[PDB]
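Working notes, beginning with the structure itself.
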Amino acid sequence: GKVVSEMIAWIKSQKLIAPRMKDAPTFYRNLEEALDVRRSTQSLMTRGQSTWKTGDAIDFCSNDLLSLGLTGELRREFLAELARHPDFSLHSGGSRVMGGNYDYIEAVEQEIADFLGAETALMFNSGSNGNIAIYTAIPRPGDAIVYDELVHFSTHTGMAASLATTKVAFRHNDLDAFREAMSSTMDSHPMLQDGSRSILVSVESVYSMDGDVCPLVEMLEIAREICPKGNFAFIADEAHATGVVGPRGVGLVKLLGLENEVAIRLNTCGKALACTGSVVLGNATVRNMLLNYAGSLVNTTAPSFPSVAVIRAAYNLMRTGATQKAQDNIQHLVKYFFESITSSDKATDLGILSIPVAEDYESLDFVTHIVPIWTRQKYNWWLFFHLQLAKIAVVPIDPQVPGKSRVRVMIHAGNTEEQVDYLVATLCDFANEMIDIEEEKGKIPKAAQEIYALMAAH
Amino acid sequence: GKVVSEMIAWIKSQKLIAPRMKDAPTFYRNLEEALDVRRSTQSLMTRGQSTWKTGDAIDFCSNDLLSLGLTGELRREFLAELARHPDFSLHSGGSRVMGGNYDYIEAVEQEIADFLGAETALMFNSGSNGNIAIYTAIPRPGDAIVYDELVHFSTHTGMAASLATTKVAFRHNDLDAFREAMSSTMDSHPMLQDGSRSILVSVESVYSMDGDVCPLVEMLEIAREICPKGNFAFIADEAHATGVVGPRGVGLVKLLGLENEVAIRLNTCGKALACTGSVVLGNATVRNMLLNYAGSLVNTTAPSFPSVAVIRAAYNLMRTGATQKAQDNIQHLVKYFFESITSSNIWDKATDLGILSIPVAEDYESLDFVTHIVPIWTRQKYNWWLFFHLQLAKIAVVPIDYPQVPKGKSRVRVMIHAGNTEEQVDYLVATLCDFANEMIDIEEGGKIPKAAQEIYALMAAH
Amino acid sequence: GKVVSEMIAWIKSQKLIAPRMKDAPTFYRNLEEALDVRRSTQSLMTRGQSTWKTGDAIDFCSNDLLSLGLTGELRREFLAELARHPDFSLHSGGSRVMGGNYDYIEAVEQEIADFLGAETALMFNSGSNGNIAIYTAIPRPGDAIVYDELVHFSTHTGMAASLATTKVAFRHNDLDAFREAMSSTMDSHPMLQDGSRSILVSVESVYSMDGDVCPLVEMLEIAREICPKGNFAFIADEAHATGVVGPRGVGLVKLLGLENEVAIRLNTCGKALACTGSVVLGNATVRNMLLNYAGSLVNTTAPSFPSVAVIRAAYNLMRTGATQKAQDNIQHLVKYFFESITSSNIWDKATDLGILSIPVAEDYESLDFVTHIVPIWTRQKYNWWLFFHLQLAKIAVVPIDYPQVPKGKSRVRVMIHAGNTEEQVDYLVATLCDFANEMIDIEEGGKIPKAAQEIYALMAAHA
Amino acid sequence: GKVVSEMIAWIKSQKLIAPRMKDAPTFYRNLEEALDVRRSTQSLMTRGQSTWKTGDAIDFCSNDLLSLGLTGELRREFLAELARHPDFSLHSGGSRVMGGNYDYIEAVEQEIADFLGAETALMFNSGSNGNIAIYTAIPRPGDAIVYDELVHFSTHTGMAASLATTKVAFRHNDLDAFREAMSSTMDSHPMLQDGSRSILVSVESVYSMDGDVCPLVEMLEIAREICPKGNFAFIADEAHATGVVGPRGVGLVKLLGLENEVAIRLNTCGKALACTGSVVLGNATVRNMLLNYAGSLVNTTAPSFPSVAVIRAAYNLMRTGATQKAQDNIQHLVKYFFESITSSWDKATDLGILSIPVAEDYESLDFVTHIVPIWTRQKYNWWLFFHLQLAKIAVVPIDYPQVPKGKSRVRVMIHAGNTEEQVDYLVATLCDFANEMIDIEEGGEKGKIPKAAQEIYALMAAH
Ligand SMILES: C/C=C/C(=N\C=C1\C(COP(=O)(O)O)=CNC(C)=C1O)C(=O)O
Ligand SMILES: C/C=C/C(=N\C=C1\C(COP(=O)(O)O)=CNC(C)=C1O)C(=O)O
Ligand SMILES: C/C=C/C(=N\C=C1\C(COP(=O)(O)O)=CNC(C)=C1O)C(=O)O
Ligand SMILES: C/C=C/C(=N\C=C1\C(COP(=O)(O)O)=CNC(C)=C1O)C(=O)O
Ligand SMILES: [Cl-]
Ligand SMILES: [K+]
Ligand SMILES: [K+]
Ligand SMILES: [K+]
Ligand code: NA
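Residue numbers (PDB author numbering), protein chains in the order written: chain C, 5 to 348, 352 to 405, 407 to 410, 412 to 448, 451 to 469; chain D, 5 to 449, 453 to 469; chain A, 5 to 449, 453 to 470; chain B, 5 to 348, 351 to 469.
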């Protein structure tokens, strides 16, 4: 059993090591001691989870949202793009600003920006590095950053490396909290009051851990109300919007017609685009600022030709209409999941199971591939184990977050209605079993009995 | 021709922009003001120099050290690598510690680890991200970091985000400074004295800025002597060693047999290996440390199959010996340059008067090996003149100036590659001696050199 | 029946074409990708709506403002104009400044000029080409243009090609915004401070998009205060005013007695005058500027005799007073509409909740006059539902949406014509109140209204 | 008489005006200053020349190439076309894509396209607007435009408005320059090299200023060689070819059998077709591209029925064979002119006094064009004009602001309705000019002016 085998390795990985580290050098003892801190809570990460790719579990976990990886469609365009460039120069040769620039990557960038409705684009090795560059290079002394509390890890790191004086979180997707944070921030800085510095607003368009969507039109209207002099600028991380939201996959910003109102956008390749990389979107002033003040970009090797070609190939497919049907299939399958799971209420009334993104899903203009499923914090591992032993691959969400743990289901275009049925039934089995147990605090459910057994066994 | 066009485009990009932004929104005014800061010292970067790629100028500037890029050898081995995996799964699917792990990347890392004498390898999308991960995940509270002053920018970004309380720089490649740094750090930290924490030493095997080599065997001795309880660990950034140094381009650590002495090694793919990416070498304790405490690795998409394949391909060409002749031709051409330029008649007079200086060429005959990095110094007031003199002669070299180094410490970096020729080297030596001659005559007679007249004329026009 | 047919054809035209183009030449693949851009927001336009012309739907959408088209009144006067010149030389023979000038066109321009109270007139083949010529020929290097944000597309095209250094927009019909724009431009340009160049002010008399009216008197006084040197000039696009506003349809500038104070006026023939073409009014200096510096006029064939004839015929019908009854009936029917819709019981509730909005209808009894243009707003999410509701109810209204306006600003434009009737207006009011009633019940009860169900079913069957 | 009266007004027009404007508003003074700038070089345009129409001068200037206007033949068919449609709806009602479409215009368009051998056709108010629409809507970001340096004003305007990154002119009708333009363009862009963007090639089939013909077969071959992936597209402006070149007037593209190889063609009505309008020819992909991305078309009034009817009438006459004789007569009269002027010549041409390049190797041309440009010394150009005019021969002067200052010339237009006797008179008047200018030259007196100029200079001194 590839699932069970991965389980025993994960079991064996949580065994404490530093008790056996007494004769060992201080450096290695301190490292294994720090690894033991995570092994103690059994939160050590080692080899991850690969059953979703080999066919041994249903893929409700991965970031291959459009199934461009699964089907080989991105690979086929990539090799074809390469074939149309038989003598391509593989190596950039150096820094993007110190000799590593070349026509192909500049043209691919502009082709991407034209597709997304932006003036210019600038390519990074990842979404994370794009966020790092944005919040390192862009904010000025005196600017403030007002951000959604659930922005990405890379956004938090970047803001910490920023020149920005004041950074303020606001409650997730909450319009009143955003208005409070902006007003108070406006009321505490005399160079924001007179418009010589700016309020930077950091949002995700689709939140990777909650699946909700940024109400961008309403936030823009609030920003103007609070900042009548126009001294604000939105920064929108679209990692989970590109290819999934908006016509032909263009993203939330362009779907809403906001490409001229949103100063900086991040569109990453690691999810629906089934590869790696990112572009940062903005005008030439924004682009020049990254080229000159993002030390990370200045001092790293510019992208190789195939890294650019594979990104071109994903945009080729979205541009030529080749992802529209997969994108519609995502909407269909997610809605179908919501329809089923909500039809089978008790467990939700009690606290056993909760899917916040399924509330009022009917009134949503669209849905997202991200389905976070909450249980009781004491039950989260058991929910994870229940689904995995059912041969359902999901991602457990726990160092990443504060008693905020949950599982994240990812619905992909390549999933089927039958697999969704199987997931709905499995979740109901897990529900029913936890209401039974609650209605002997030592009682442990079926899946967790097997896991605890393998823990005793190895 | 082309070189003049690039220079005009460069000149125009330094023209102040804030005077034309008074009606713009705040955000955009202040960004152009920040950019005007750089423009005003003529230090704004936009598209860089491209004449080396086009043939419009000799390549004494790129990082394609073994010319694996120029020849198409890496491209050929890369496409053949994809060919052997006809239906490869392109996408990782997520983070390396969530859904994104797979057999091909684990096996390619292990091939690399085996070939480089390391227990394990862990792949990142660049050398820089490898340094970020090491110094954010490895140092513990109470550790100290003693680093050579010339470590890479990304190691500075790294250390500043680390949990270590003490970071101490030593004068570049100075053993006495290193000894003064280890002892004063040790004696000032009781948790280092009793051996409950470690001193982390940060070096480059080949320093990209100066081109000299780390005295690692002697640095290790100083470290054991200063830290008797063995609470130290060496971190070697081998970005400019891999491919250029050691048998089959294994780098400096393995070339000296120190693969068991150096806890953590960084091997990048952006120079001699002619792609992007990097591997961090260590034992499984180091590796798992990176996978669990390098938040930058945890929250990023794991490399795609073509990314792993091109790295596997570059190492392939090293493993099989297909890079040996290219590695030997760097040693040859570099020694050829040194022999040629030092035999020049102006050489003594230029270096005597202070008009030219090539520190890496001092006593090159005693060196066991040489490197591809040849920094050339003139008088700071002549530096841009030296740079455009070469440029006008259709020789691409790299300009080293602010914001990369302090103002008043500008130089030029000649980079010698496998695919350069003795003809080109001769032309370079001849061009440098002509610049040296011209400055001698100016100093021995408000005259400016010919290269300076040409820049000043372009500046008057643009 | 026919409404459904065109809706199917419209749905089919939005289906993406690029996936079928893989083996086509580069040129053709890239045009269909470009077209797929618009298809992908269901924004592709092909043949538009025709039910209003065929009697299959009531005409609340066309630009045949005085119904001179519908009744054939212009056709008859045009063929009579031809009959009075039985040997007419059809062909101009070349450019208007290179051998295509002739007496008949010069004399028709002068008749139009005298009737509209302007020194001269210069004829173009469209209002658009008139605006192109004005803004490429007139502004000088150093001049500035301050334009209402809602000026016509052709004016945006003319301005982008102009010689003027500064183009400043101002908030639509906003006197405070205009003052800020005039003063900000005045205080940033020394060439305007010493009176060596001019501020050109660009407005519409009747804004095609909103149906409101430019406060021309207030704006001229603001210009005189900010420009005490008198170095300003007004340019008024009267496209939707001629035939509708002012005695015998003379338009807003002559109605206000401003023909001495507005340097350049554009009167188009494509709406109330029921044909095509335009004239630019000014003195002989303005006219000569256009004939010499408007490269678009210089390098195009001067109008044919039948083109001039139909324009003269439309102006005859206005000069003789034959259009005054039709002009007055627009006032009546529009006033009849505002009476009915703002008297419905659902009106307060619909407008309070934001389910219906008709800005132009507010305080309409105080306005000196009304216009034929009646924009109706619902929730953005409900817009196409409202449009299809009207269409299924066999009422032809104009859809206002991207790429014509920004996304999220979509609305519906009702066009009230002289040949509409109170019964038709009754049906429109009742149909609107039916939509508002239905959305009220939905918002108080994923329920979609009836019109949305019919369109969702059509999309299911084809799309 | 009127020839002379035209002169006096044209003389009076050039009198500077801004000196008398010291007290005028800035706006009006600056405009009259701008006019003075043209008046200074005797280059202000006002009323053109009409003597060719009234029979006061021989028409060797106008664009009525087939004499369809002169004979009233187009007028008769036009009125007959209208008569076959007794209840026609004159007014389009609005935008072609927003409610102004109708059956008759779509059918006339398709009838034109079928005759010209094209898949579809799309009607514009003029040839210039057709060019504007093509070059604004068609080029994509990343495409290049390689154009003959002598393309039309409207092509230059349109290109300036396009999304195209690279525009490259090549030496007129020169296949070497065209190949060098294509090669340097293909080798400067990697998206052209991989066939993901296109090179658009812009030519006239018959150049309005030079009378020579585009060597379209060889250019297509050069393009195929330089763009092996087929990522190019030709755009052929046939304004001066329809009705004049090709069997039954079909134009150059169809004559050569290249209708499948030219992506886009422009066929205008203002010359041989003797009215106004144009169509753009292409497949349904090109036509939809214009309908959606030519904002000039989207935001203007669709053509009225009589505008469509008169274009149909022109094509009816070509389709039914009723212009073939006139077309043949142009060929006859043009060749007769070349034979006469060639057999008089050598000395004038050798000295630089007179040149007619289109007369070189005129025997070895497959056909000739109606455009005959006549060159003298730049210092003698208006003098040649005044000589021809006072001889009662109407020709068109071509100078700044239409061509560069030192590229001035006179354009003779030969029409089907001219006679051999008029050609005799033209040849003799031209030889008298040449012999007079030869003498004046050989006399050494740089202050001597010719007989025609004396009368003009005298007319100037008087008024
Ligand atoms: C590999 C981790 C991927 C991942 N998210 C990464 C994100 C990143 C980082 O992008 P990346 O370095 O993978 O190219 C930025 N922004 C958002 C909103 C993200 O969700 C996820 O699984 O939810
Ligand atoms: C693009 C800049 C490359 C560059 N150096 C990058 C280095 C880096 C960063 O490598 P990278 O992020 O490009 O993969 C780490 N260490 C050392 C010693 C380096 O020299 C150089 O030009 O010397
Ligand atoms: C085809 C009809 C267009 C149209 N308006 C055209 C206008 C034009 C262009 O007129 P056109 O070229 O049709 O003769 C100029 N100015 C204003 C204010 C216009 O409203 C409309 O429907 O509102
Ligand atoms: C006003 C008439 C102009 C004129 N030609 C107009 C042309 C135009 C413009 O056509 P138009 O707007 O008069 O219908 C396009 N292309 C070419 C080649 C032309 O020669 C001429 O006398 O040659
Ligand atoms: Cl920096
Ligand atoms: K922008
Ligand atoms: K019809
Ligand atoms: K027309
Ligand atoms: Na944009």
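Think of the CB as a built atom: it goes at the ideal place given N, C-alpha and C, for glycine as much as any other residue.
Can you pull the DSSP bridge partners for D:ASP438?
None, per the DSSP bridge assignment.
Measure the alpha-carbon distance for D:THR425 versus D:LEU337 and round it to whole angstroms.
Cα-Cα distance, rounded: 7 Å.
Check whether the Cβ of D:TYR297 lies closer than 8 Å to any Cβ atom in chain C.
Yes, D:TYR297 lies at the interface with chain C (some Cβ there is under 8 Å from its Cβ).
Could you work out which residues of chain A lie near C:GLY325, taking near to mean beta carbons separated by less than 7 Å?
Simply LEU20, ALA22, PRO23 and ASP40.
Indicate, with yes or no, if ligand 3 has a heavy atom lying under 7 Å from the CB of A:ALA243.
Answer for A:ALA243: yes, Cβ within range of ligand 3.
Tell me the rounded alpha-carbon separation between B:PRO456 and A:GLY261.
Going from the Cα of B:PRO456 to the Cα of A:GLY261 covers about 54 Å.
What residues match up with B:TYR151 in a beta bridge as DSSP calls it?
B:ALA173 and B:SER206.
Using the beta-carbon count (16 or more within 10 Å), is D:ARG88 buried or exposed?
Per the 10 Å Cβ criterion, exposed.
Three-state secondary structure (DSSP) at B:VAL433?
Helix at B:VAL433.
Give me every residue whose Cβ sits closer than 6 Å to any heavy atom of ligand 6, in chain order.
Going along the chain, the residues that qualify are C:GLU123, C:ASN264 and C:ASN287.
Going along chain C, which residues have a C-beta under 8 Å from A:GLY59?
Residues of chain C passing the Cβ test: none, with the nearest at roughly 36 Å.
Rounding to the nearest angstrom, what Cα-Cα distance links D:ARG24 and D:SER44 in this structure?
Across the structure, D:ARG24 and D:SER44 are spaced so that their CA atoms are roughly 15 Å apart.
Counting only C-beta atoms, is C:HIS336 closer than 8 Å to chain B at any point?
Interface criterion not met: the Cβ of C:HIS336 is under 8 Å from no Cβ in chain B.
Quick test of the definition: if touching needs 3 or more C-beta pairs under 8 Å, does the region 279–291 of chain D touch the region 102–121 of chain D?
These segments touch.
Residue-level contact to chain B via CB, A:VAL257, 8 Å cutoff
Output row for A:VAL257: interface = no.
Taking C:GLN328 as the query, report the chain A residues whose CB atoms sit under 7 Å from its CB, ordered along the chain.
Those within 7 Å of C:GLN328 in chain A are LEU20.
According to DSSP, simplified to helix, strand and coil, what is C:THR305?
Strand, per DSSP.
Quick test of your reading: B:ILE359 and B:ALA440, contact by CB under 8 Å. State the CB separation rounded to the nearest angstrom.
The beta-carbon distance between B:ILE359 and B:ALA440, rounded to whole angstroms, is 5 Å. This is short enough to meet the 8 Å contact definition.
Going straight from the alpha carbon of C:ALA306 to that of A:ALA468, what length do you get?
For C:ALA306 and A:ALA468, the distance between alpha carbons rounds to 50 Å.
Residues in its own chain within less than 6 Å of D:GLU113 by CB, not counting five upstream and five downstream?
Contacts found: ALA125 and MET127.
Helix, strand or coil, according to DSSP, for A:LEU94 in the structure here?
Correct three-state label for A:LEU94: coil.
Decide if the region 237–253 of chain A is in contact with the region 308–316 of chain A; the criterion is three or more beta carbon pairs, one per stretch, under 8 Å apart.
The way I'd put it, the region 237–253 of chain A doesn't touch the region 308–316 of chain A; fewer than three beta-carbon pairs between them come closer than 8 Å.
Beta-carbon proximity check, B:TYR151 vs B:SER206, cutoff 8 Å
Yes, Cβ-Cβ distance for B:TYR151 and B:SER206 is below 8 Å.
Tell me whether the region 332–348 of chain D and the region 30–47 of chain D touch, counting them as touching only if at least three CB pairs, one residue from each stretch, are closer than 8 Å.
Touching, no.
Please confirm if C:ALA459 has its CB atom under 8 Å from at least one CB of chain D.
It does not; no Cβ of chain D falls within 8 Å.
Taking Cβ to Cβ, would you say C:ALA243 is nearer than 8 Å to C:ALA278?
Taking 8 Å as the Cβ cut-off, C:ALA243 and C:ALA278 do not qualify as a contacting pair.
With 9 Å as the C-beta to C-beta threshold (strictly closer), list the residues of the region 143–168 of chain D near chain C in chain order.
Residues passing the 9 Å Cβ filter: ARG144, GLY146, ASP147, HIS156, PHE157, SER158, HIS160, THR161, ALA164 and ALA165.
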